[PDB]
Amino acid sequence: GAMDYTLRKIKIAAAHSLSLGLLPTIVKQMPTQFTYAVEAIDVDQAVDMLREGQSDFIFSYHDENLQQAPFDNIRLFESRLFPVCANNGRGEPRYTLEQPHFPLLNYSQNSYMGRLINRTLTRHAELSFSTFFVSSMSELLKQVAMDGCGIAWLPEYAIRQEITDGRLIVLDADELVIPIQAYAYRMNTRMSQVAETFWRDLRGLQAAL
């Protein structure tokens, strides 16, 4: 946090859902000039950790609290959440959105994804669900969905290969698809030379993410 210091350490706090997908790509593409300390957070911890200096950077989503001065940002990528479920052995979904009280696998209420998903379901009264499994961990939700336990909204980058080989099947590609946008956030304050170098390089590899 505050007292911890090295010449090369970059302190990153990342929302649970993009930690796995985002961080390895950044490490691989970044110049060999940094060391990394990464902690997973809920989106509501982000403001305080940036203001108090416990994190140099936040990897998170759209956040109106963080999308104003004295914060700065770069949009890293955009994605789409699809409702998916396991297959039925014949290349068809095991579940339907129209089943009364279908089993839902969802993020926690404290999550950015969970908030958008419930907003969506509310708008759509022709769907009724029972929540079978709640977890902040995207990869846990994905595995429980792959094991056939219910329907889950998951981001495209996490399920890309499972959609291609059909271990997961997309159940809707219109009004139930949820847009999401990933950002890196910082304080406007000028930082150390190494953190400024990290920020500059991050801008330069954003295209390749």
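Residue positions are given as counts along the sequence shown, with the first one as 1.
- Higher average CA B factor: 24-32, of the stretches 55-63 and 24-32.
- In this crystal structure, the stretch out of 194-202 and 13-21 whose C-alpha atoms carry the higher mean B factor is 13-21.
- Set against one another, the Cα B-factors of 109, 131, 135, 79 in the record reach their highest point at 109.
- Ranking 83, 89, 103, 114 by the C-alpha B-factor listed in the PDB entry places 89 at the top.
- When the modelled residues of the chain are ordered by their C-alpha B factor, residue 175 lands in the highest third.
- Per-chain ranking of the deposited C-alpha B factor places residue 164 in the highest third.
- For residue 184, the recorded CA temperature factor ranks within the lowest third of the chain's modelled residues.
- Sort the modelled residues of the chain by CA B factor and residue 39 lands in the middle third.
- Sorting the modelled residues of the chain by their CA temperature factor places residue 151 in the lowest third.
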